[PDB]
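Computed from the coordinates by the stated procedures, all read-outs in this text should not be read as laboratory data. Cβ placement follows ideal geometry from the backbone for every residue including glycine, while neighbour counts extend to all protein chains displayed.
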Amino acid sequence: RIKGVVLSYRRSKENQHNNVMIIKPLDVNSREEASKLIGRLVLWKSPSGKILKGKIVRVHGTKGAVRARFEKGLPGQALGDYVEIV
Amino acid sequence: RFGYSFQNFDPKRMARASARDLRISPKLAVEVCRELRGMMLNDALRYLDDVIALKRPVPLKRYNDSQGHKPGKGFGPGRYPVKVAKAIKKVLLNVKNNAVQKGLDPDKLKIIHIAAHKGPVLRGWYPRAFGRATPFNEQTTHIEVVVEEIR
Amino acid sequence: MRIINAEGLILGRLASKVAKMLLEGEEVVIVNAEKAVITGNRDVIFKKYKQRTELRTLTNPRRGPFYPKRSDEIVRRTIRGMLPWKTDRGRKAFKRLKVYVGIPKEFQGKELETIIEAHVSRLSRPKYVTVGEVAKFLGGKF
Amino acid sequence: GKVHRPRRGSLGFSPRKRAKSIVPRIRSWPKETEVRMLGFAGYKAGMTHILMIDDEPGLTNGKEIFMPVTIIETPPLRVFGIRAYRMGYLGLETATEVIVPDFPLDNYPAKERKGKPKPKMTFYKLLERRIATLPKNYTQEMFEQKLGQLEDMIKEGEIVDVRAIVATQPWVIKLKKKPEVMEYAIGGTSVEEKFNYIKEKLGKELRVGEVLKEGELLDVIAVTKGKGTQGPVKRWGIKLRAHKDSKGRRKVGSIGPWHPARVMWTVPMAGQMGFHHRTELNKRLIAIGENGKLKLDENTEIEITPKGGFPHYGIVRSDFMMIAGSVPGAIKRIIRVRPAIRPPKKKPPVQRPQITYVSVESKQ
RNA sequence: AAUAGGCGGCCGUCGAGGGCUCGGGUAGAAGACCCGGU
RNA sequence: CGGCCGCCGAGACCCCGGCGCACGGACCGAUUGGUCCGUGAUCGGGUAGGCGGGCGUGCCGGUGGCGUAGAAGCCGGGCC
RNA sequence: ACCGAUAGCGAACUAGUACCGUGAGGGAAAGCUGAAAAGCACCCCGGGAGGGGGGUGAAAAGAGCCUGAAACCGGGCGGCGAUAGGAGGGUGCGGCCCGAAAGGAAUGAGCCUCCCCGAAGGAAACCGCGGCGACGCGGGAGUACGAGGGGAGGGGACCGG
């Protein structure tokens, strides 16, 4: 089970997509290492204890970031928060 | 006006009174009721006596334009609505009597609900310059109160 | 928390990474703010900072740009310039920053980090002026 | 520009607000080598005039001239505290302070009113009128132990400065009972010597004669007289509007141009006038008296108090200073004096001048 | 002064310290401020 | 300044499901209507303006009904 | 097949009335208790107006009287609330709160676990080679994954709003 940080939404300069989030896992710093996490689940724990579940589907950039698709989008208070992979 | 805005009135433990079409300021009535809310009946009566005697200002929180402050902490705008105090004191005496008649100890009566409303307006006119007649009206006030014997 | 020794680091290249970290959610403390360097000409750098200090609101001085003149405040404002200062997220990020000059008595014996991407060894020539000299010219305490 | 004139009033004294405290504060201190307390406090008594042989440089040197003087009464100060300052990140910080324990008061002017004996005052009873929460069960042993700790810190070297906390004694002159507490810096270049000076003077009385030198310059700090709300004509000295003006004459004409679309902070306006914190520099100390008397030629001594007493003030009974000129404040105001922080290159000699006449006629 | 400060003392986990009320102005448009109160 | 190598980025382009429209075809309903199938890369923004269908209100001729075991009206809420 | 009290004649009523202008002349507003007044007897308080008990009535519908909306004002309740900037809204979700009915649901909700197919699209580990370099090429492989479409088990009250 891996640990990660929420970076931002998938976005253009002025356009935002609320169903996809950029995640930076702790000790993954390349496409080669990030590609091993595709298909795994990502869990975000709400302050009240509710769990929001997404899945890793693609790698983002080349510095080890990944893209996560959430059926229920994160609330935006999760920006800079810490998520748990599997 | 006859009805009260209290929901769960209990005739066994509570007493109520009201006054209608009072010719006082509804704004100052609201301000005085805000302060009287939640106090014991004796404390409220002494409060009104002090206000009438000018020994104790009533703070203003909603209608306080161009009002000077008063000595001491918490002031802030304040004034002395003598007429409102007198009318509300009469209403409080009436509710005290109602409770006593029902058989409730007057020393344990707490003002659980007190409210003021704007009633009918009596229209009038005053003459002004350039042949213009202008409104000159009186705004009446309704007062409702219900007290409970606490334990 | 992470402590950075700003001795011999480019001001802008240090501030960029520090602001990125503050956004990512790390506590950052810059310990040697006065020893950061700014590349260019001494006279033009001093003139630019003097003009920044001279900026003010004509109608009321109590509202005009309070641009800094101390070393620590200069570094703090340089970092603040690279954050969404008008957003709650940016304000929270900026609140996670502390900047000091010299190593205070509470930070001795700790591991002082360094920014490799902002070291002065990159520069072809050492034609730079220190934030301490800039503050001294402006008339700050230190 | 067509016609040009200097601005009305000074922007260097803004905001023109009421003083923060009626007790004046001193932000800066003179740099001196002599180990002495830098300043003194007193109460304004009044004004008179003298005739003396001038000694400072000028055309009127060696000639008899008229000079007004302000007499301010200065009962001795009680040195009751010592405070130590270390260096902080942004400035000086208070490391610690220590005050002497309660002692009997031997200068309270008690009168045997019928019934009950004399009250038998003591310190910490006049002081509670100002502090209101003083140490309980405070003893000489713990006081000495605290003083020793302070000295130990001084030896270690974390103390960069030391100051003396003193209190006035209005009850001596029967002006009032509530004292006033201040702290004064000490001259010298060694914190240990300054601390030893303060320690030697702890709990004792200090007089003007032991600190100030006759004939030297001083700076006077006080709170000016209150005038209340005043219009711009009196507050900033603007010009009256033309006599044909039908919307008033004692007001500013235009309060700004179209752009900027706001009223600038530099436009004269009405507001508080007087009761401001002010400092006047280079006031000469003419003479220091004792017990309400002034010694002129070692053979005749005259009572400074004019016939009928000072207007709005009582009779001078304690030590007093005769300052040359005017000082800010009202009668009975607390006024502080410090050695001149900015004296001229050429200054009068440090000694009492030759006084030929002192005005003691009725001033009311 | 959002890094929203330092220090000595007093109290709390009945109670220090205050406000109104009283006699007056070193003050004052209301507030505020200062001295006195056996 | 002369070139190169990765990545990010639209309602554009590709794919899946759904709606309507245009044209042609087969069925049922006693007036303008209904169901289904086929083709559309060569259909789907829109001001002035042109055309088609539908929603809602008062009264009349018919038809089928509801209501003091509670009509119209009014405040809040569920579903299409 | 006219309107239904701002409509219909200006006037559903003490209406060509009240009222405006010296005059010729101009000209409103305003319908409804209940089947029956049975229109509140008596008691406490208040100077009185009224208030509170207690009665009448299927229902106060209480004469300020059928129904009683909106704007506005007072109180109670749920959420926010004194370092924060945009025409007061849009997309997505997270706190706190309400959730009987009309929506789904013990003939089983949120949720957890397991198996199969899968469009457009689509990695990496590992190994060999090319380029000064960022990197790329061939095998891995059209594999892992993928919108959506199906099946099985566990738990037992929430999902929609």
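Would any residue of the range C:44-87 have its amide N under 20 Å from a label point 7 Å out along Cα→Cβ of residue D:7? List them or say none.
Those under the cut-off are C:53-66.
Taking only Cα atoms of the protein assembly as shown, what ratio of Rg to Rh do you get with Rh as the Kirkwood inverse-distance radius?
Details: Rg = 37.7 Å, Rh = 35.3 Å.
Reported Rg/Rh (Cα atoms, Kirkwood Rh): 1.07.
Hey, what do the phi angles of the range B:69-75 turn into as Karplus ³J(HN,Hα) couplings, whole Hz, using 6.51/-1.76/1.60 and θ = phi - 60°, x for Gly and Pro?
Calculated HN-Hα couplings, in order: 7, 10, x, x, 6, x, 10 Hz.
Loop-only trypsin sites (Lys or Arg not before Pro) in the range B:44-136, please: DSSP not H, G, I, E or B, and at most 13 other Cβ atoms within 10 Å.
Answer by residue number: B:55, B:61, B:62, B:73, B:123.
Quick one: check the C-alpha center-to-center distance for the range B:64-140 versus the range D:289-320, whole angstrom.
So the two Cα centres are separated by 65 Å.
Report, ordered by chain and residue number, the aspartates and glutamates lying within cross-link reach of residue B:12, taken as a straight Cα distance under 13 Å and ignoring same-chain residues fewer than 8 apart.
Qualifying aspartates and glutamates at Cα under 13 Å: B:105, B:148, B:149.
Once Rh is set to the Kirkwood radius over Cα pairs, what Stokes-Einstein translational diffusion coefficient, in µm²/s, holds for the range D:183-298 at a temperature of 4 °C and a viscosity of 1.567 mPa s?
My calculation gives 64 µm²/s for D.
Hey, what's the Cα Rg ratio for chain A versus the globular rule of thumb, 2.2 N^0.38 Å?
Taking the Cα Rg and dividing by 2.2 N^0.38 Å, one obtains 0.99.
Binning every alpha carbon pair distance of chain C at 5 Å from zero, what are the percents per bin?
Binned Cα distances yield the sequence 2, 10, 18, 21, 20, 16, 9, 3, 1, 0.
Taking the Cβ of residue D:269 as the center, what net charge do the other residues with Cβ under 11 Å away carry, scoring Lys and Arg +1 and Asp and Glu -1?
Net local charge, residue D:269 excluded: +3.
At 0.36 nm per residue, minus the direct Cα-Cα distance, what do residue D:133 and residue D:346 gain on full extension? Give it in nm, one decimal, please.
Here the segment from residue D:133 to residue D:346 would lengthen by 71.8 nm.
Can you pick out the pairs among D:227/D:363; D:307/D:332; D:136/D:177; D:114/D:204 whose Cα atoms lie more than 25 Å from each other?
Table pairs above 25 Å Cα-Cα are D:114/D:204.
Averaged across the residues of D:263-269, what count of C-beta atoms belonging to other chains lies within 10 Å of each residue's C-beta?
2
For residue D:295, give me every one of the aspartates and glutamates with a C-alpha distance below 12 angstrom, ignoring sequence neighbours fewer than eight places off in its own chain.
Within reach: D:303.
Using Cα springs under 10 Å in a Gaussian network model of chain D, which residue among D:72, D:22, D:198 shows the largest mean-square fluctuation?
D:22
Given the pairs B:90/B:110; C:50/D:2; D:31/D:347, which are separated by over 24 angstrom at their Cα positions?
C:50/D:2
For chain C, with a Gaussian network of springs between Cα atoms less than 10 Å apart, report the residue from C:127, C:35, C:110 with the top mean-square fluctuation.
Of the options given, C:110 has the highest mean-square fluctuation.
How far apart, in nanometres, would the label points at residue A:26 and residue D:204 be if each is projected 7 angstrom from Cα along the Cα-to-Cβ direction?
7.0
How many nm separate the modelled label positions at residue B:75 and residue C:127, each set 7 Å beyond the Cα in the direction of the Cβ?
7.3
So which chymotrypsin sites (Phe, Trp or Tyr not before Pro) in the range D:1-76 are both in a DSSP loop and have at most 12 other Cβ atoms within 10 Å of their Cβ? Each step should come with its number before you reach the end.
Values: sites: D:13, D:40, D:43, D:66; in loops: D:13.
Answer in residue order: D:13.
How charged is the neighbourhood of residue D:160? Take every other residue with its Cβ under 10 Å from the Cβ of residue D:160, and add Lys/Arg as +1 and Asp/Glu as -1.
-2
Over 28 Å between Cα atoms, which of D:20/D:213; C:48/C:127; C:141/D:225; A:24/C:127; B:61/B:86 qualify?
Distance filter (> 28 Å) returns D:20/D:213; C:141/D:225; A:24/C:127.
Provide a whole-number value for the mean count of partner chain Cβ atoms within 10 Å of the Cβ atoms in peptide C:54-61.
Taking the mean over all residues of the peptide, I get 3.
For chain D, just the Cα set please: Rg and Dmax, both in angstrom.
Rg then Dmax for chain D, in Å: 24.5, 81.
Given N residues in the range B:35-147, what is its alpha carbon radius of gyration divided by 2.2 N^0.38 Å?
Its radius of gyration relative to the 2.2 N^0.38 Å reference: 1.35.
Each label point is 7 Å from the Cα along the Cα-to-Cβ direction; what then is the distance between the points at residue B:64 and residue D:326, in nm?
4.2
Give the peptides D:320-333, D:298-311 in descending order of average Cβ contacts within 10 Å, highest first.
Taking the mean over residues of other Cβ atoms within 10 Å, the ranking is D:320-333, D:298-311.
Which angle from 0 to 90°, rounded to the nearest 10, does the C-alpha axis of helix D:191-201 make with the longest principal axis of chain D?
70
What are the residues whose amide H is under 5 Å from the amide H of residue D:227, where those residues sit 5 or more places off or on another chain and H is modelled from the backbone?
Amide H to amide H, under 5 Å and 5 or more residues apart or across chains, residue D:227 pairs with D:273, D:274, D:275.
May I ask you to order A:55-66, C:5-16, D:255-266 by the average number of other C-beta atoms within 10 Å around their residues, highest value first?
Sorting A:55-66, C:5-16, D:255-266 by mean packing, highest first, produces C:5-16, A:55-66, D:255-266.
Could you tell me the center-to-center distance, by alpha carbons, between the range D:96-155 and the range C:78-122 in angstrom?
Answer, in whole Å: 51.
Gaussian network model of chain C, Cα springs within a sub-10 Å range: biggest mean-square fluctuation belongs to which of C:55, C:112, C:83?
Checking each option, the largest mean-square fluctuation is seen for C:55.
Which percent, nearest 5, of DSSP beta bridges in the protein assembly as shown are antiparallel? Intermediate results must be reported in sequence, preceding the final value.
Values: 125 of 133 bridges.
About 95 percent, rounded to the nearest 5.
Round to the nearest 0.05 the FRET efficiency obtained for residue C:58 and residue C:86 when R0 = 25 Å and r is the Cβ-Cβ distance.
About 0.60, to the nearest 0.05.
Per the Kirkwood definition applied to all pairs of different Cα atoms, how many angstroms is the hydrodynamic radius of the range D:131-228?
On the way: mean 1/r = 0.0596 Å⁻¹.
Every distinct Cα pair counted, the radius reaches 16.8 Å.
Take the Cα of residue D:264, step 7 Å along the line toward its Cβ, and report every residue of the range D:1-18 whose backbone nitrogen sits under 20 Å from that point.
D:1-16
Please compute the average number of Cβ atoms from other chains found within 10 Å of each residue's Cβ in peptide D:85-94.
Average per residue, whole number: 1.
Run lengths n ≥ 4 of DSSP H only: what is the helix-derived mean residue ellipticity at 222 nm for chain D, with -39500 (n - 2.57) per run over all residues, to the nearest 500?
So the helix-based figure for chain D works out to -3000 deg cm²/dmol.
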